[PDB]
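*Asks:* Please find one structure pasted underneath; my questions will follow.
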Protein chains: 4
Amino acid sequence: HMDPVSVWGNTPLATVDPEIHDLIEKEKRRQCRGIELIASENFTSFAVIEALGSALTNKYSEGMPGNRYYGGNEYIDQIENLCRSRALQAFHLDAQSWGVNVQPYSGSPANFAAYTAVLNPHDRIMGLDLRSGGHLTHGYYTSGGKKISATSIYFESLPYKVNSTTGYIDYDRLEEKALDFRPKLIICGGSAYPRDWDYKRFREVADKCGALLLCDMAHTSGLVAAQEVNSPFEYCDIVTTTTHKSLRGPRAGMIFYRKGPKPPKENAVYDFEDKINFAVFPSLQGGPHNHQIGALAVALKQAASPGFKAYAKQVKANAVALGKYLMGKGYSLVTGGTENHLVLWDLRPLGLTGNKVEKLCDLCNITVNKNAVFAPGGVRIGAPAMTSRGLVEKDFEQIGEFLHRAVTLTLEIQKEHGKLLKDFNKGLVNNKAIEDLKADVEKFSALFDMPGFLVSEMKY
Amino acid sequence: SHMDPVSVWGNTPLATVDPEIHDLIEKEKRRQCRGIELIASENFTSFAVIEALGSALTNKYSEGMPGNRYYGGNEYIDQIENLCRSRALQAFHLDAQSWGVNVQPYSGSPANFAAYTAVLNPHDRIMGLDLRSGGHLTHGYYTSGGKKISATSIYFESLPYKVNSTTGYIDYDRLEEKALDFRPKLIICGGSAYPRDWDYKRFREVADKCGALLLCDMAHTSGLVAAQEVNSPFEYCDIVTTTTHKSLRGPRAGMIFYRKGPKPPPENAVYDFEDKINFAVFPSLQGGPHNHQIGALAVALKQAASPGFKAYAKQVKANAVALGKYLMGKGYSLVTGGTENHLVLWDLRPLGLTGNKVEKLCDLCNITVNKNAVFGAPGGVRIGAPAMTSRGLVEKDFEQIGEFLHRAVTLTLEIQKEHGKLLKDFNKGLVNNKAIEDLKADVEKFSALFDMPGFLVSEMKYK
Amino acid sequence: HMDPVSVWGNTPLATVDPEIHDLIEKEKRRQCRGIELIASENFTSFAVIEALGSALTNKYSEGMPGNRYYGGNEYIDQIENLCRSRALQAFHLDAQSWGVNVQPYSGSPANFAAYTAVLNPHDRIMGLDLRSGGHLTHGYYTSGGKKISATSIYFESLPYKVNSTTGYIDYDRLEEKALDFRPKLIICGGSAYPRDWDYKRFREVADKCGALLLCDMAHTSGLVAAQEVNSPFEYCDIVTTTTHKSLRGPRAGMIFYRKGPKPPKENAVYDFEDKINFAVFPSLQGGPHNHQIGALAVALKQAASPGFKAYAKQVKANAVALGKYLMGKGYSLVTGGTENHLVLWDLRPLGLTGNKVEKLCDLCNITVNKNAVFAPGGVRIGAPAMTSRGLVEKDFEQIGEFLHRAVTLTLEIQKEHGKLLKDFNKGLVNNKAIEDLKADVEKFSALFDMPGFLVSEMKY
Amino acid sequence: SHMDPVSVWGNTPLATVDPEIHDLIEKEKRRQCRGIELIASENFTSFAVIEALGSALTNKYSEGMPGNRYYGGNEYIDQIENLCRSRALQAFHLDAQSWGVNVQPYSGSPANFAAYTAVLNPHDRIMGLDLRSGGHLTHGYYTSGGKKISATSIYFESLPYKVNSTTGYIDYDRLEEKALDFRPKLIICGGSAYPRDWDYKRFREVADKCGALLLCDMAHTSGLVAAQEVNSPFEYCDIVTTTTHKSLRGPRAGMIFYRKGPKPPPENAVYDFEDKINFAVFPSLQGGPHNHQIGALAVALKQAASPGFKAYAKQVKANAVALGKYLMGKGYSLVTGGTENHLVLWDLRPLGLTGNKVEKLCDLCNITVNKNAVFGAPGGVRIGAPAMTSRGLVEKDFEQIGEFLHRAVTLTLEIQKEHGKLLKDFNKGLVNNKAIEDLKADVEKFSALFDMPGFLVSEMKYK
Ligand SMILES: Cc1ncc(COP(=O)(O)O)c(CNCC(=O)O)c1O
Ligand SMILES: Cc1ncc(COP(=O)(O)O)c(CNCC(=O)O)c1O
Ligand SMILES: Cc1ncc(COP(=O)(O)O)c(CNCC(=O)O)c1O
Ligand SMILES: Cc1ncc(COP(=O)(O)O)c(CNCC(=O)O)c1O
């Protein structure tokens, strides 16, 4: 005998599965009694979450608006079209010059879909090296020559690097490598680069070697929407992005592509739109995740607001303020500052590896990540998440105090037990000094609001 | 200018922050329960799944595997994901020493393309059930004119096998013939519109004869598999990929199962799938997992192990059967003459109709079917029972669905005979057709008599 | 102190290196005191050999006539142009409709060069299966899936087969496989197919699936020159060939390609010529072997002669006569006859493998090769070489006697020692019956003239 | 109609069977010895090599390896080929337990492309000396515009390294930098117009640092290598490919050498090259061996181990040096300022001339050089000593060659200044130029004073 629809289909989660209910509540507390400094993380809005957990997940809508494989998409179409037009509006794009596909399941899929549209297998790609701040999806093989990223498995990648002493992109060595190697695609954009991008220069290099130019703006998408950093849309043929980082929406990706007539350089037009959409479906993805697309549409509307431009401005200023704080304490920052949402902290001068600081920090509910510079010798630290919780400059200056205390403890433990990791671990067991910091982090964290859910009704 | 307070942008309900989207979701809530959904790939998932899906799990970055993440703060995400992985084994009755699972694929197509990347180099050969015979795009697809459509045919080398051109069953003899000519590294079984069960043992026989891996993509029938109501592919397959949002009734995600442990006989060797598969998902293809999806999936998998889910699985079968026997009783033709799973494939060419015309008119009566190919424009339509069975429909109610479809096809032929075969002509008969209106209205009245999972009809804006 | 030019540069081979001199003399005797039935072998003319061993080997002439990379090619150019025009004349081709490149070093290179001109790596190719009579260069992988032929390593090949009971090409299963698999290139022509080729049908199949059609006529090239078999030039886009088989020239290859306007099927022309020449040089080969090209030009002139049409006619008739002889003794021929230079002898009916007959035959200076049918169950037997020595029908009927005696001895040994190869070997040691046959072969072989050198001045 | 008798078609000499070709060979015999051949890749081989080359060895089919042929009748071909293989090891002083050789390549480019197929999968990465810096097409070559020209760049993934842009030497630091960015599976050393020796130990250092195989293509300097007059690549390279018709003075063929036996230190492992290389030649790429070439090569290899060949090798070096020092003494510029092998590379841009104009005028005086690139139309010409040294020329005679070239370049500038830089203009000065005639005639008079290998001048038709 079948369970009545009420019993299995309508009963709240807290009853259907306490185990998972209880774990979600514990993660809810973790997100708001710690200090979240992972530069790729944010806290999204309750509205976005409601769209995300909606009946839109039940619908199959392979294809795209007006070219669907089967019917019943009368309202999905308005949602997707509404999502696409808000995407253009949030980045101030004329619709006669740009289009967007909002179906990619996430960032990595968007990237691989766009490659598939414009490149044949084994075509050459250049992206920012991982160790110089790049991303897996831009290409990565190891020193042994094992191909790690699918970009490196299905295409041929070669990375360009930052200057070995300044930490800035080396635009001359870039140009040099593009002309030896002759990539069909140059990727700009990164995961841990703390400075803005000279897209005009990348366009100078791409025209010199015959390449397409793609920007992957996942990290700074929110800053781009507020016109708070250089717009890659002025110079690139394609822009990919994530929607859950500085943009503060759901986890999803977007591909923006040029349309209309070519800037004279004959009398032809761009041919990206059909190749891009087709690469997404039917080539690479199945049915779009329409709950994600609804949520994104909500996030794109929020992202166009005056309140969101102030958020973007405040993200940059918080990162600067934390940056100037660390430097005033003697600490080294890659490029000696920041122009975007993150700072890159160089720990080799102190004799420390990124692993050791990130472990002790994690012990105090400060989440950072180890990260390469120029074992990883640094940590990446971002402003968006905590800024979304309403922290301003005085507050990030205090986060800086917390970090400074962590590294001190880290040096004191290294000074007492040794440089090897087996030795560093020995001084984490029942450290009364680490405890005192975890408590001070928790009390500081509880002074702030939290978007997405109500802290006044959570189980813990 | 100042920052918006957290309560204003971040806690305010969706209905205030964005009326337009709230409105459109409410309209689509109405469409889902005032019509008849018969897309074989569609289901209606539980409110408990949707609560996990719309949750704060979407803020966490957890690149990696439980226990081996890239950065910290994953104490509870590792628990949710491990719970999910252990429940995926339970729901399909797998010994934890012979099978593992990766639950990170964003969807079904990502799970397939990751599975291939793990066990194949680029351009390796693949065989899957042809699209025209009931297969799926991710199993390989180029057109007559040579154009490579599926990613699987772009980065690997595919060649399809077909059903018997007169009976509609998989032609197992011709499968073996092609696999020995072509020598694929991977054979795929499973499909999107195949109305019979699969002979996995036979597929294992062919894979062992030509030296291929055997992968079953069980997306469509995964819920029937969990309930042990169809043949299990785990008895014979090396890898089993699946979607979780069809007959499984979960969120939109995918999973990849792999054999692990010792192999029956090249000396005491063991399966090596585990590492290559997890690594193919991350870091090779995917980025951060979608943790809300993994929590929602963990919910669905627990629900999928409950005694009521077995009853649900039996019922979708019986509902598909009853509808099949009802249609044939009215004189219609079904590919292979019936069904043994969740769907029926309806051959319309005997009526001189295209699946196009039937799908269009049905949609105008709130009946969602999709046009579909038959062994030989699409000459059929595909019809599935999971969704409507999830709303409580039993056999008597699917015989009423069959009566509606009959009325629909009768409307279609009366339009064809009146205006012509041309699709220009056909559409003329769909304007102001009071006979269609009475059917759309008879459909909506039937539809309202049954409950609805996921939300509360008593709370909807449009009643 | 340098050796004078006379001492090292002009001294005859018999003095500079007796070892090699002596081995060449022993191979000279072997070629004219045996019975050479390898269908791919011939005996070429003294004139061709003189061109082959000429000062033309010292010249570097990268490029082609009138487009050379450097000078001094005033006479090489006339030789190559003379070679190309004789190539067209020997196969009755209008020069406004066909061109030829005569630079490929041999057959396999010609084939791989032509693939390279018209296909991209991994494009799909269909060729006659090896076991059905095809050639390595048309595509070959093993049952384990190891790629053997470079055609299978750098492109994707799938073989079409002969009918499992008649041994003829299965033109219906051919068409079926081309439409599933969709090759960009279909190869026709073979190494051991004893019947003519329905090129019109192959053209019907290639137009149905969008493929180029190439014929590899290496084995029957001489028969084509005499218009003694169907011309592939009526129906194919490209024809490759060897020049040392039935054509009786030096070891080298040629690529013929269509030129001029397309047969209407708009108003465009063929684009093979530049791609083909470019694939040969600079893509695949270095300097052409100008001694080979001189020799080929000599062979092409000989190949146009009335004496050579009679040779081609006589090759076919000899193979028929040997064919009808074996069959009159009860033996099975694949397709029950032959229309070209070879017969394929099916030995499974007698309970024998091709290995065993070819070993005993080799013991009597009868050279044949084991070969697959439909361990290999057959032997391939060709007429050209012995026909070039002037054997006519009565003489090949006698060769048939020799073969019949060999198989009898082979059955008698199998009947006495066993079916396994370890057992068959046991009865080859000091077999007085095999000796009597080797002697009868030698005395028969000495009754005939020999081209290429003078038997009246050889060391042995 | 009847068959021509064997004596008529098959035994009649070339001069009767085909006057046209006989005539043209005789004219080309005359060109070869009444001019000055300075193509660095050209030589004049011995009559004994040519007798093996034009022999009945061309009738035999011997697909396979000695001992492991496809069909019989190869008793003496296996002996010739084994003799040839053993002499190839002797001529380069290789221990038979550490090195093997395959002598079946039809030419140099086939030997290279077979070597790659044996040790690399398709699309694996390769680094070779750039064309513009002195490398060879088979080492990889795409143009600025992206066009893939070399087969090596079509089926594999190549990237060139370059000479130092001011000194002309290989830039070993930038080589190491690129190889660590690009991670090739194979590094190639050797070239076609590099005037210095190679630092194989350095190349081995880079290959070991980035984990690549190291192959030396020694085509140009193989004769100098056999004579131990330049650095041996066998000390450091895994595989050594070569042509046999340049400084080696053999027929047109190639060879591939491979290391075999134990490797110095991943535990007591051994080299695995032998099988993959022979199999790559046959059956993967080539068909029947050209046995006349293998016999002719066996002759050249014996001759190449004689004491006179060492004296010849020393002399080509000294001849190239003397010509280099003579040219510089007249004010000319040589890339890297001299030579340590068989050739000089002459930078003409300092005179405002293109290699085109010099090569054209030289050809009109029976002086064969080839235009060639320099570190930065080709701005240089390449000039080689092997050929003319083979005719007995020593230093005094190469200083006379230098005097002729000087006269040639002086004629060229006097034409440039008179008519202009335009190649339209330039050609105007080449018609009825009695100063060129006196130089063409002074050249032909010089040329006749020296003997000639391969044939007998006293027997030629055109004297
Ligand atoms: C058999 C099969 N496998 C995989 C997938 C991929 O699912 P995703 O959309 O999650 O990528 C599908 C899609 N099923 C679509 C249909 O039959 O209507 C499928 O039918
Ligand atoms: C620059 C960039 N591009 C794309 C992505 C892909 O995102 P998905 O997880 O949605 O696939 C990332 C991930 N950024 C992860 C981090 O920096 O921690 C990224 O940093
Ligand atoms: C270094 C090098 N390697 C290989 C080859 C190939 O040789 P084949 O032509 O046999 O394929 C050449 C040709 N040398 C031509 C020149 O330098 O003028 C070469 O210079
Ligand atoms: C049909 C065919 N095509 C091409 C070739 C290549 O020839 P080369 O050896 O010149 O590469 C062969 C060799 N025929 C060999 C045999 O049948 O014994 C052949 O049979």
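Naming works like this for the structure tokens: A, B, ... for the chains as they're shown, residue 1 at the start of each chain, ligands 1 onward in shown order.
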Would you mind listing the residues within 9 Å of ligand 4, counting only C-alpha atoms and all ligand atoms, as a VMD selection string?
*Replies:* (chain C and resid 38 to 41 105 to 111 133 to 138 189 to 192 216 to 220 240 to 245 251 to 253 369) or (chain D and resid 61 to 63 70 to 71 285 to 290)
*Asks:* Keeping only C-alpha atoms, take the residues you just selected and write them out as a PDB file, in the first residue's frame.
*Replies:*
```pdb
ATOM      1  CA  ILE C  38      55.025 -14.240 -54.105  1.00  0.00           C
ATOM      2  CA  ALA C  39      52.297 -12.263 -55.848  1.00  0.00           C
ATOM      3  CA  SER C  40      53.860  -8.918 -54.873  1.00  0.00           C
ATOM      4  CA  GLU C  41      57.245  -9.726 -56.354  1.00  0.00           C
ATOM      5  CA  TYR C 105      59.519   6.455 -51.268  1.00  0.00           C
ATOM      6  CA  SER C 106      57.359   3.305 -51.558  1.00  0.00           C
ATOM      7  CA  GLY C 107      53.748   2.114 -51.269  1.00  0.00           C
ATOM      8  CA  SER C 108      53.073   2.512 -47.556  1.00  0.00           C
ATOM      9  CA  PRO C 109      54.489   6.095 -47.633  1.00  0.00           C
ATOM     10  CA  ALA C 110      52.273   6.967 -50.582  1.00  0.00           C
ATOM     11  CA  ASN C 111      49.251   5.725 -48.720  1.00  0.00           C
ATOM     12  CA  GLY C 133      42.462  -9.784 -48.306  1.00  0.00           C
ATOM     13  CA  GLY C 134      43.260  -6.193 -47.352  1.00  0.00           C
ATOM     14  CA  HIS C 135      46.512  -4.465 -46.529  1.00  0.00           C
ATOM     15  CA  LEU C 136      48.132  -3.145 -43.353  1.00  0.00           C
ATOM     16  CA  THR C 137      48.132   0.425 -44.689  1.00  0.00           C
ATOM     17  CA  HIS C 138      44.314   0.357 -44.965  1.00  0.00           C
ATOM     18  CA  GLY C 189      41.956  -2.351 -53.493  1.00  0.00           C
ATOM     19  CA  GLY C 190      43.775  -5.198 -51.826  1.00  0.00           C
ATOM     20  CA  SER C 191      46.680  -7.589 -51.368  1.00  0.00           C
ATOM     21  CA  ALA C 192      45.054 -11.006 -51.740  1.00  0.00           C
ATOM     22  CA  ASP C 216      45.126   1.330 -53.776  1.00  0.00           C
ATOM     23  CA  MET C 217      46.049  -0.544 -56.977  1.00  0.00           C
ATOM     24  CA  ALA C 218      49.546  -1.679 -55.979  1.00  0.00           C
ATOM     25  CA  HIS C 219      49.011  -5.339 -56.869  1.00  0.00           C
ATOM     26  CA  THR C 220      47.194  -4.928 -60.197  1.00  0.00           C
ATOM     27  CA  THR C 240      47.698   5.256 -54.888  1.00  0.00           C
ATOM     28  CA  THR C 241      50.020   2.592 -56.169  1.00  0.00           C
ATOM     29  CA  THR C 242      53.296   0.805 -55.784  1.00  0.00           C
ATOM     30  CA  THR C 243      55.569   0.656 -58.811  1.00  0.00           C
ATOM     31  CA  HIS C 244      57.405  -2.658 -58.220  1.00  0.00           C
ATOM     32  CA  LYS C 245      54.654  -5.208 -58.371  1.00  0.00           C
ATOM     33  CA  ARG C 251      60.394   0.077 -55.474  1.00  0.00           C
ATOM     34  CA  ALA C 252      58.485   3.359 -55.161  1.00  0.00           C
ATOM     35  CA  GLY C 253      54.966   4.718 -54.926  1.00  0.00           C
ATOM     36  CA  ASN C 369      53.219 -16.978 -48.481  1.00  0.00           C
TER      37      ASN C 369
ATOM     38  CA  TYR D  61      60.280  -8.731 -50.590  1.00  0.00           C
ATOM     39  CA  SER D  62      61.487  -9.147 -47.008  1.00  0.00           C
ATOM     40  CA  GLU D  63      58.768  -7.701 -44.778  1.00  0.00           C
ATOM     41  CA  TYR D  70      56.721 -12.937 -43.049  1.00  0.00           C
ATOM     42  CA  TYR D  71      57.643 -15.370 -45.856  1.00  0.00           C
ATOM     43  CA  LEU D 285      54.714   2.542 -40.902  1.00  0.00           C
ATOM     44  CA  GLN D 286      56.790   0.859 -43.650  1.00  0.00           C
ATOM     45  CA  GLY D 287      56.217  -2.041 -46.023  1.00  0.00           C
ATOM     46  CA  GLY D 288      58.928  -4.153 -47.613  1.00  0.00           C
ATOM     47  CA  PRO D 289      62.477  -2.984 -46.939  1.00  0.00           C
ATOM     48  CA  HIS D 290      64.436  -1.516 -49.849  1.00  0.00           C
TER      49      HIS D 290
END
```
*Asks:* For chain D, which residues have at least one atom within 12 Å of chain B, if we go by only C-alpha atoms? Write them as a PyMOL selection string, please.
*Replies:* chain D and resi 121-123
*Asks:* For each of D:116, D:92, D:257, D:426, take the minimum atom-to-atom distance to chain C, counting only C-alpha atoms, then give the residue where this is smallest.
*Replies:*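 Of all the options, D:116 lies closest to chain C.
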*Asks:* Using only C-alpha atoms, determine which residues of chain A fall within 12 Å of chain C; present them as an MDAnalysis selection string.
*Replies:* chainID A and resid 120:122
*Asks:* Please write the residues from the selection above to a file, keeping N, CA, C and O atoms, as an mmCIF file, in the first residue's frame.
*Replies:*
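Listed below is the output, selection19.cif:
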```cif
data_model
loop_
_atom_site.group_PDB
_atom_site.id
_atom_site.type_symbol
_atom_site.label_atom_id
_atom_site.label_comp_id
_atom_site.auth_asym_id
_atom_site.auth_seq_id
_atom_site.Cartn_x
_atom_site.Cartn_y
_atom_site.Cartn_z
ATOM 1 N N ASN A 120 38.320 23.055 -31.064
ATOM 2 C CA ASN A 120 38.318 21.631 -31.302
ATOM 3 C C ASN A 120 39.254 20.945 -30.323
ATOM 4 O O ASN A 120 40.177 21.562 -29.786
ATOM 5 N N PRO A 121 39.025 19.666 -30.057
ATOM 6 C CA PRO A 121 39.922 18.931 -29.158
ATOM 7 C C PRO A 121 41.376 19.062 -29.595
ATOM 8 O O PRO A 121 41.694 18.993 -30.785
ATOM 9 N N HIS A 122 42.251 19.271 -28.610
ATOM 10 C CA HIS A 122 43.699 19.441 -28.716
ATOM 11 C C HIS A 122 44.106 20.855 -29.137
ATOM 12 O O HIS A 122 45.313 21.130 -29.198
#
```
*Asks:* Within 12 Å of chain D, which residues belong to chain A? Use only C-alpha atoms and report them as a ChimeraX atom specification.
*Replies:* /A:121-124,126,129,140-147,152-161,173,176-184,207-211
*Asks:* Generate the output file for the selected residues, N, CA and C atoms, as a short mmCIF file (atom, residue, chain, number, x, y, z; two decimals), in the first residue's frame.
*Replies:*
```cif
data_model
loop_
_atom_site.label_atom_id
_atom_site.label_comp_id
_atom_site.auth_asym_id
_atom_site.auth_seq_id
_atom_site.Cartn_x
_atom_site.Cartn_y
_atom_site.Cartn_z
N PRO A 121 39.03 19.67 -30.06
CA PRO A 121 39.92 18.93 -29.16
C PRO A 121 41.38 19.06 -29.60
N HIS A 122 42.25 19.27 -28.61
CA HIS A 122 43.70 19.44 -28.72
C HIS A 122 44.11 20.85 -29.14
N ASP A 123 43.17 21.76 -29.40
CA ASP A 123 43.56 23.15 -29.65
C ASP A 123 44.28 23.73 -28.44
N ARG A 124 45.13 24.72 -28.71
CA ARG A 124 46.01 25.24 -27.68
C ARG A 124 45.36 26.36 -26.87
N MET A 126 46.04 29.06 -23.38
CA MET A 126 46.92 29.62 -22.36
C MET A 126 46.09 30.23 -21.24
N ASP A 129 48.87 30.44 -14.73
CA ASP A 129 49.35 29.29 -13.97
C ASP A 129 48.67 29.20 -12.61
N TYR A 140 46.00 22.66 -16.32
CA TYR A 140 46.96 22.28 -15.29
C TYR A 140 47.47 20.87 -15.54
N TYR A 141 48.79 20.74 -15.68
CA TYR A 141 49.47 19.47 -15.61
C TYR A 141 50.56 19.58 -14.56
N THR A 142 51.03 18.44 -14.08
CA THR A 142 52.06 18.40 -13.06
C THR A 142 53.45 18.35 -13.70
N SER A 143 54.48 18.48 -12.85
CA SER A 143 55.85 18.41 -13.33
C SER A 143 56.15 17.06 -13.98
N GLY A 144 55.50 15.99 -13.51
CA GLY A 144 55.65 14.71 -14.18
C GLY A 144 54.92 14.62 -15.51
N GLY A 145 54.12 15.62 -15.85
CA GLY A 145 53.38 15.62 -17.10
C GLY A 145 52.03 14.93 -17.05
N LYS A 146 51.55 14.55 -15.87
CA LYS A 146 50.20 14.04 -15.75
C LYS A 146 49.21 15.17 -15.98
N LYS A 147 48.22 14.93 -16.83
CA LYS A 147 47.19 15.92 -17.12
C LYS A 147 46.08 15.83 -16.06
N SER A 152 43.31 20.39 -19.73
CA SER A 152 44.59 19.85 -20.16
C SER A 152 44.47 18.45 -20.75
N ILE A 153 43.39 17.73 -20.46
CA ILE A 153 43.23 16.38 -21.02
C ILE A 153 42.70 16.45 -22.44
N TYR A 154 41.71 17.30 -22.68
CA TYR A 154 41.05 17.36 -23.97
C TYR A 154 41.58 18.47 -24.87
N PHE A 155 42.28 19.45 -24.31
CA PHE A 155 42.98 20.47 -25.08
C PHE A 155 44.42 20.50 -24.63
N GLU A 156 45.23 21.31 -25.30
CA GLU A 156 46.63 21.47 -24.96
C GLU A 156 46.81 22.84 -24.34
N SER A 157 47.22 22.85 -23.07
CA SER A 157 47.36 24.09 -22.33
C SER A 157 48.82 24.39 -22.03
N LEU A 158 49.11 25.69 -21.92
CA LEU A 158 50.40 26.17 -21.47
C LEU A 158 50.15 27.38 -20.59
N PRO A 159 50.69 27.42 -19.37
CA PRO A 159 50.40 28.55 -18.48
C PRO A 159 51.38 29.71 -18.60
N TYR A 160 50.84 30.93 -18.48
CA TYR A 160 51.63 32.14 -18.27
C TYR A 160 51.62 32.52 -16.79
N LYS A 161 52.69 33.18 -16.36
CA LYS A 161 52.99 33.34 -14.94
C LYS A 161 53.06 34.81 -14.55
N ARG A 173 56.44 38.56 -20.79
CA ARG A 173 56.63 37.12 -20.94
C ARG A 173 55.36 36.44 -21.44
N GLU A 176 55.46 36.91 -25.15
CA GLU A 176 56.50 36.02 -25.67
C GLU A 176 55.98 34.60 -25.81
N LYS A 177 55.34 34.08 -24.77
CA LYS A 177 54.89 32.69 -24.81
C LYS A 177 53.75 32.50 -25.81
N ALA A 178 52.85 33.49 -25.94
CA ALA A 178 51.76 33.36 -26.91
C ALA A 178 52.28 33.26 -28.34
N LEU A 179 53.38 33.96 -28.65
CA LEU A 179 53.91 33.94 -30.01
C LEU A 179 54.75 32.70 -30.31
N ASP A 180 55.43 32.12 -29.32
CA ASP A 180 56.03 30.79 -29.52
C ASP A 180 54.95 29.73 -29.76
N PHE A 181 53.94 29.69 -28.88
CA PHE A 181 53.03 28.57 -28.67
C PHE A 181 51.76 28.68 -29.51
N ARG A 182 51.33 29.91 -29.80
CA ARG A 182 50.22 30.19 -30.72
C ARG A 182 48.91 29.58 -30.24
N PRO A 183 48.43 29.98 -29.07
CA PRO A 183 47.16 29.43 -28.60
C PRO A 183 46.00 29.94 -29.43
N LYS A 184 44.98 29.10 -29.55
CA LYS A 184 43.72 29.51 -30.15
C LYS A 184 42.86 30.27 -29.16
N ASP A 207 45.21 39.79 -30.33
CA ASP A 207 45.19 40.19 -31.73
C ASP A 207 46.53 39.94 -32.40
N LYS A 208 47.62 39.96 -31.64
CA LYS A 208 48.94 39.75 -32.23
C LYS A 208 49.16 38.30 -32.62
N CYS A 209 48.53 37.35 -31.94
CA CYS A 209 48.76 35.94 -32.18
C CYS A 209 47.53 35.22 -32.70
N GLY A 210 46.44 35.94 -32.96
CA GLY A 210 45.29 35.34 -33.62
C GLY A 210 44.33 34.61 -32.72
N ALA A 211 44.37 34.86 -31.41
CA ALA A 211 43.64 34.08 -30.42
C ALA A 211 42.30 34.72 -30.06
#
```
*Asks:* Would you mind listing what lies within 9 Å of residue 202 in chain C as a ChimeraX atom specification, with only C-alpha atoms counted and same-chain residues fewer than 2 positions away left out?
*Replies:* /C:171,174-175,186-188,197-200,204-207,213,235-236
*Asks:* What does the distance between CA of residue 276 in chain D and CA of residue 154 in chain D come to in Å, to one decimal place?
*Replies:*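 Separation between CA of residue 276 in chain D and CA of residue 154 in chain D: 21.2 Å.
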*Asks:* I want to know what sits within 8 Å of residue 108 in chain B, based on only C-alpha atoms, with residues of the same chain fewer than 4 positions away left out; could you give that as number ranges by chain?
*Replies:* A: 286; B: 112, 219, 241-244, 253-255
*Asks:* Residues at most 10 Å from residue 190 in chain B, counting only C-alpha atoms, excluding those fewer than 6 positions away in the same chain, as a ChimeraX atom specification?
*Replies:* /B:128-129,134-136,139,197-198,200,215-221,233,240-242
*Asks:* Counting only C-alpha atoms, what is within 7 Å of range 88-95 of chain C, bar same-chain residues fewer than 4 positions away, as number ranges by chain?
*Replies:* C: 84, 99, 224-225, 300, 303-304
*Asks:* So how far away is CA of residue 48 in chain C from CA of residue 462 in chain D, in Å?
*Replies:*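 Separation of CA of residue 462 in chain D and CA of residue 48 in chain C: 21.6 Å.
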